[PDB]
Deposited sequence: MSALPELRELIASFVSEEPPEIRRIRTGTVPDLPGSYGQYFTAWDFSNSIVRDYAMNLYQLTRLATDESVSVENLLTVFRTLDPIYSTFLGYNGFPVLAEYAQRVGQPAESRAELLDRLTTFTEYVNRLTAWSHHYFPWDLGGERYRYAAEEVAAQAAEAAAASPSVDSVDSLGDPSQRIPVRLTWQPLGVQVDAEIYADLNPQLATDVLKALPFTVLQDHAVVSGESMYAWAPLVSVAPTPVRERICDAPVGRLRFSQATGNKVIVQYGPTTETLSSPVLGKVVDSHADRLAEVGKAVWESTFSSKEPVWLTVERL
């Protein structure tokens, strides 16, 4: 069935509409008034950061609900230690409903039924809150080929569309490299989600996709070593579809999803300039649509 049905309508509402929480935090109208000495930028820094790291904790707890070596009640114990501290502080720092649903996950309700699904739903919920926080946070104040490796018949064509940019690139999903990962993304297609730029990785863009893929990733590519047009699906940082359009420095391995065709790789730099303008200063909503051709 549905773990927390009231959450699924909230995940559906927040893929397109801004959550009231991100608004009250960014406008300094959080009810309890967090922040020291007349100012709320520091509490803003703690809401942006804690809601982000909480989401990383929740995702790995979702991956743990799949591990059968870890006992079910043992996992419920682990969840009822790290989650509480993050929840009640987020409940005080502008995320009250996030705090309330966290206790509902920390319940001995059944086993696995209320472990995997509950986290999945809640993890997708907190990743959507983190998506809007990353968008509306004032960052302005401060080898061999994997593309060749693989059956050419397992390439699934997709088109990326940025509005109101009006730009469309054509990409290719690598479905034989990470089978279940590609299946998890194609079953979520099509989706239109807010587009944001990477803030530490360099010339890269990521958008939180509406899914919680727990699929294995046998093929992973180092980010800094990714070609122009690289499609990556980072499950650990919030199930994001990442499009790299230039040089990046992050040396970590992220799952490989595919790549934009070379004829359309020239149009990614302009979109990245506009999307960086969307995350760094303007805060103007640039939407991304991934769809199957």
Please list, in sequence order, every stretch of the deposited sequence that lacks C-alpha coordinates. 143-166
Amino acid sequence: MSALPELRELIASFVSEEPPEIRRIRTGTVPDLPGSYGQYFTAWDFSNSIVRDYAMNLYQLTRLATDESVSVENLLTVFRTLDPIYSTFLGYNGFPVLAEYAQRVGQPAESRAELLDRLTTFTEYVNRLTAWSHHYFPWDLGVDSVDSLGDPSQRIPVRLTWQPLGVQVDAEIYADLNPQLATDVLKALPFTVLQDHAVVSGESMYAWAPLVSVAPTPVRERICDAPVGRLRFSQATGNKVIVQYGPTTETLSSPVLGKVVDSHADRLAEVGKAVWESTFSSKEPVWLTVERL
From here on, numbers count along this sequence of modelled residues.
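If you superpose the two forms and keep the largest set of C-alpha atoms that fall within 1.5 Å, you have the rigid core.
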Comparing C-alpha positions in 5 other deposited structures of this protein against this form, with the rigid core used for the fit, which stretch differs more, 102-110 or 117-125? 102-110
In at least a third of the other compared PDB entries, does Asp45 have no coordinates? no
Using a one-third cut-off over the other compared PDB entries, is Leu252 one of the residues left without coordinates? yes
Residue stretch of maximal mean CA temperature factor, 102-110 vs 167-175: 102-110
Check the entry's C-alpha temperature factors for 126-134 and 111-119, then say which stretch has the higher mean. 111-119
Between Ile50, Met56, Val243, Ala226, which one tops the list for Cα B-factor in this entry? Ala226
Max C-alpha B-factor within the set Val214, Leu194, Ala188, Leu82 falls on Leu82
Within this chain, which third does the Cα B-factor at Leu10 fall in: lowest, middle or highest? lowest
Third assignment of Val275 from its chain's C-alpha B-factors: highest
Consider only the C-alpha atoms of the modelled residues in this chain, order them by B-factor as the entry records it, and name the third containing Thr29: lowest, middle or highest. highest
Chain-relative C-alpha B factor for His264 (record values, thirds): the middle
Taking the chain's C-alpha temperature factors as the reference, tell me which third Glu250 falls into: lowest, middle or highest. middle
